Amino acid sequence: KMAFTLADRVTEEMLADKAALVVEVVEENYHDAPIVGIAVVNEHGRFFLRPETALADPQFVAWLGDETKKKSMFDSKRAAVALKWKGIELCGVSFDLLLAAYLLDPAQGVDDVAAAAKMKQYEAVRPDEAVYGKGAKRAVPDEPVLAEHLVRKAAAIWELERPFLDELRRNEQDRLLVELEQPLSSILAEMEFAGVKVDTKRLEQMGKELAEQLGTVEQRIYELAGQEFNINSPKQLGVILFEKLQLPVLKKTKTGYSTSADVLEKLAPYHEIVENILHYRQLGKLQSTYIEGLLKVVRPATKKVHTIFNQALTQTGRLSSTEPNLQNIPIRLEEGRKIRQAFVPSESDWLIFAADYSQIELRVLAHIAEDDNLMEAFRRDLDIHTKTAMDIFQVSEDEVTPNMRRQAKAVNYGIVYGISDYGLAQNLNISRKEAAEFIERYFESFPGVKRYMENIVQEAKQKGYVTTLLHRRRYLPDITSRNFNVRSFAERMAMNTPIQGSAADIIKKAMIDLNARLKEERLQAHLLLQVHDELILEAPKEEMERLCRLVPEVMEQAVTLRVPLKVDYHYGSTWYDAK
DNA sequence: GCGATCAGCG
DNA sequence: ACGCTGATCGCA
Ligand SMILES: [Ca+2]
C-alpha cells in the first residue's frame, strides 16, 4: 500500500544530499546488534536496501560518512553506534525525530516513529511492536513486511521534520535540538562505543571475598533470629522482626510491614539483628548488582562494558544509563566504593580523569531565584552543605562528618523542593515543631527562594508547563487538579524541574564545548561517562596536566550565571583513585 | 509484571 | 508528606 523500490544494488539517486534514513536495529541493546534493513526516502523515491549489500557498497558507505549529505532519522544514536560496530561512520544527521518529540513533550514516552507521528495526526506507519511482536514472540517479519515498515518509518520522518521544527521554533526549542541535543547525541554515541575497561580479575576476587562475608553475616542473622529464613523475603523478614521478635511497627506498605533502611535504623535500639540485616543487604546489593551484574555485561574479548545513555527518557532532561547503569556505582560507603577499582583506563599509561560541578542545582537556583543571600553565599564559594550541617548538629566545620554533610545535603534540596515538617522531622529525628521552625527560619534567610517557589507554581498553573534555562519544557496538567495529593506532587515538580533540568542543560553544553576544545587542542583524551553533574574521561598520563586546566575551565564557562560555577577534579589509575 | 528496596545524582 | 533515575528480587 506504499510504493517503494526493493533495491538489489545501490544507485546514485539513493545518494541525494538530503534524505530520511532508517537503519533498523531491533534489539533493545543496540551494542554489537544486527542491522536488519535499511530504508531511504528522498526527492527521487523510496528505497529499501538489504544491509549486507548496502553496507558493503563503497558509495553508500561514503554517503553515510559524508557530513554534507544530510540525514533525517529517528534515534540516530542507535543507528550510529550499531554502524560503529560494523566499522562504519554515520555523519550528517541534521534532524532526529526522537529528540524533537522528546523536547516537545517528554511525557509522551515516544519510543518509536509511530508514537512521534501520532503527535501530528500522522498514522500511515505502524508501531514497532505490532510489526516485531513482544517477548518470546519477538521476530523480524518476512522481508516484504519489514521493507514496507522501514519505508513507512522513513516516509514519516520525511514528512514530519517540517511540522516538528515549526513547533520547536514556536517553543524557543529549535536551537536546543540543533545546537545541543543533536550534537550531544553524536558525543554519547562515541562514549558508548568506546566503553569502559573493567579489571575482571579484581572484580571476581572481590566477589569471592564478598561471598565469604555474606555467609558469615547470614549465619549471625539466623543465630540472632533463632531460626533460618529468606532474609531477602519481605514476608518472612516482617514475621521475624514484628511478630517473633515483636519489634514496633513504624511504617506499613500496601503489601505489609515496611522493612526499608530508614525503618531498620530506627529499630537499632531494640535489637542488634536489624544492623546485621542492613549489612547483609548492602553486601548482597554489591554481589548481585555490581559484581555479578557487571561481569554479566562485560564483553569478554576487550573486557569492556558499553552502557547505553538514554537521552529521551527523563522528564527533566537528565540522561539515564542502562545495562549496565554506570551512573549509580557505589561511592558513599568504603566497602562499596572499592568496586570503582575495577574500572580502569582502556590503554596502558592512560589515566582516569573526573571533573564535577559543586552544588550545581543550588547555584542554578540562586541564579534563577535571584535570592540575594543565596547568591552572596556562592560568590563567597561557601559550602552550603557543611555550613548547614554545622547548624543542624550544632558543631564546627572540623566536626562535620561525611554523614552529617550528605544528610545536610538532603535537607538543603528537600527544603527548596517542598519537604514538609513531617518529612524533615523524620529525616533529622527531631520533633515536628522543631522541623517546622527550622524550615521557616531557612526561608527567612532566603526569601527569594520562597518567592521563586510560589511564583513558579503560579506560572505552571497559568501556562500549563515549566521551562528550563535553555527552554526545555515539561507539561504539568495535574497542577490544577482538584485532588489535593495529585496537585501537591505536581507543585513540587514545578519547583524541582526547572532547577534540575537547567543543571542538565548546563552539563550537556559543557560536554559539547569540551569535545570541541579537546579537538582544537588535538588531545587524545575522550569522554567515557557522564554522571549528571560529573564528566569522566580517560587520557594518556602525558595529558593530565593540560586537562587539569582545560576541563574545569570548559565546564565553568559552559554558561554564564549570576554566580560562578565551581568544578572539582581528580585523576588516577582507576575510577576509585579519580577522587 | 510490579512494588519494595537501594545504588547514584541533585 | 523533597525530585530524577535503574537493577535486583520476591511475590503479603
Ligand atoms: Ca558534585
Side-chain angles (χ1 to χ4, degrees), chain A residues 106 134-135 230-239 251-264 277-278 281-294 296-297 307-310 313-333 335-337 339-340 356-365 384-385 406 409-427 432 435-436 439 453 474 484-485 488-504 506-507 529-534:
Chain A
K134 336 208 266 169
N230 183 9
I231 307 169
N232 305 62
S233 152
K235 289 197 58 169
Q236 292 161 281
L237 188 57
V239 175
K251 182 163 70 86
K252 295 188 194 79
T253 61
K254 303 189 293 176
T255 336
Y257 306 130
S258 166
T259 66
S260 53
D262 54 343
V263 161
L264 299 185
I277 286 152
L278 273 170
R281 279 172 178 175
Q282 291 168 6
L283 297 166
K285 188 86 153 176
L286 301 175
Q287 182 81 355
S288 61
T289 306
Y290 300 108
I291 300 288
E292 284 173 12
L294 219 43
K296 214 175 143 308
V297 298
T307 189
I308 284 173
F309 289 106
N310 312 291
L313 187 147
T314 70
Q315 302 301 305
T316 54
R318 279 192 173 184
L319 304 177
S320 74
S321 171
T322 294
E323 191 177 301
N325 184 352
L326 292 181
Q327 291 183 325
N328 72 342
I329 303 302
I331 200 178
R332 275 196 167 194
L333 307 180
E335 280 119 29
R337 191 174 77 143
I339 280 158
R340 292 174 178 231
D356 67 295
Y357 291 105
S358 178
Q359 303 164 95
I360 186 74
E361 274 181 44
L362 288 180
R363 287 163 192 274
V364 162
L365 174 59
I384 299 277
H385 304 320
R406 57 194 48 151
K409 186 173 164 164
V411 172
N412 288 138
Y413 294 111
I415 293 175
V416 299
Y417 299 140
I419 196 172
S420 71
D421 62 50
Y422 182 88
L424 178 57
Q426 300 309 317
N427 285 330
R432 184 139 163 208
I439 288 174
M453 294 167 63
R474 186 186 189 177
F484 167 80
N485 207 40
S488 295
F489 277 86
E491 282 171 344
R492 298 188 302 262
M493 295 182 180
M495 299 168 200
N496 172 80
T497 293
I499 310 311
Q500 191 190 109
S502 295
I506 293 167
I507 187 88
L529 308 173
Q530 185 257 46
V531 191
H532 307 306
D533 63 324
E534 179 168 36

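Lettering of chains follows the sequences in order, A, B, ..., and the numbering in each one begins at 1. All values below come from the heavy atoms of this structure, side chains included, with hydrogens, waters and symmetry mates left out.
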NA contact type, [X], heavy-atom cut-off 4.0 Å: base, sugar-phosphate, or nothing?
X	answer
A:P330	sugar-phosphate
A:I499	nothing
A:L313	sugar-phosphate
A:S258	sugar-phosphate
A:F489	sugar-phosphate
A:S488	nothing
A:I360	sugar-phosphate
A:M493	sugar-phosphate
A:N412	nothing
A:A261	sugar-phosphate
A:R474	sugar-phosphate
A:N325	sugar-phosphate
A:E323	sugar-phosphate

Query raised in the report: Considering only heavy atoms from C-beta outward, does the side chain of A:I331 approach that of A:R340 to under 4.5 Å?
Result: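 Sidechains of A:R340 and A:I331: in contact.
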Query raised in the report: Are side-chain heavy atoms of A:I419 and A:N427 found at a separation under 4.5 Å?
Result: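 Result yes, sub-4.5 Å side-chain heavy-atom pair found.
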**Report entry** Aromatic-base stack, A:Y413 on B:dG10, cutoff 5.5 Å, angle under 30
**Finding:**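 The base of B:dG10 is stacked with A:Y413 (centres under 5.5 Å, planes under 30°).
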Nearest-neighbour nucleotide for the [X] side chain, [options] considered:
X	options	value
A:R318	B:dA4, B:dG10, C:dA7	B:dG10
A:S233	C:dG10, C:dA12, C:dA7	C:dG10
A:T255	C:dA12, C:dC2, C:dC4	C:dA12
A:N230	C:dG10, C:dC2, B:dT5	C:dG10
A:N496	B:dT5, C:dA1, C:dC4	C:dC4
A:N328	C:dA1, C:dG10, B:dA7	B:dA7
A:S288	B:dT5, B:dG8, C:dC9	C:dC9
A:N232	C:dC4, C:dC9, C:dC2	C:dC9
A:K409	B:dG10, B:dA4, C:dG6	B:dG10
A:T289	B:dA7, C:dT8, C:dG3	C:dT8

[atom1]/[X] to [atom2]/[Y] distance, rounded to the nearest 0.5 angstrom?
X	Y	atom1	atom2	result
A:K296	A:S288	NZ	OG	12.5 Å
A:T289	A:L286	OG1	CG	8.0 Å
A:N325	A:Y290	CG	OH	7.0 Å
A:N310	A:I308	CG	CD1	7.0 Å

Query - C:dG6 phosphate, OP1 or OP2, under 4.0 Å from A:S320 side-chain N/O - result: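 Yes.
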Query raised in the report: Would you say A:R492 reaches C:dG3's phosphate, i.e. side-chain N/O to OP1/OP2 under 4.0 Å?
Result: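 Yes, within the criterion.
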Output the rounded distance in Å from [atom1] ([X]) to [atom2] ([N]).
X	N	atom1	atom2	result
A:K254	C:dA12	NZ	P	15 Å
A:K252	B:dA4	NZ	P	14 Å
A:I329	B:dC6	CD1	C1'	13 Å
A:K235	C:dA12	NZ	P	5 Å
A:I291	B:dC6	CD1	P	19 Å
A:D262	C:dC2	CG	P	12 Å
A:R281	B:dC6	CZ	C1'	9 Å
A:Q236	B:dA4	CD	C1'	16 Å

Query raised in the report: Looking at A:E361 and A:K409, does any basic side-chain N land under 4.0 Å from a carboxylate oxygen?
Result: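 Salt bridge flag = no for A:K409 with A:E361.
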Query - A:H385/A:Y413 aromatic ring centres below 6.0 Å - result: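 When the ring centroids of A:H385 and A:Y413 are compared, they turn out to be within the sub-6.0 Å range.
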Report task. Kindly check the sign of the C1'-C2'-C3'-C4' torsion at B:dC2 and name the resulting pucker, north or south. Result ->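 South pucker for B:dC2; the sign of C1'-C2'-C3'-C4' is negative.
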Query raised in the report: Does B:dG8 carry a north or a south sugar when the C1'-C2'-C3'-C4' torsion is used to decide?
Result: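 Positive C1'-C2'-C3'-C4' torsion, north pucker.
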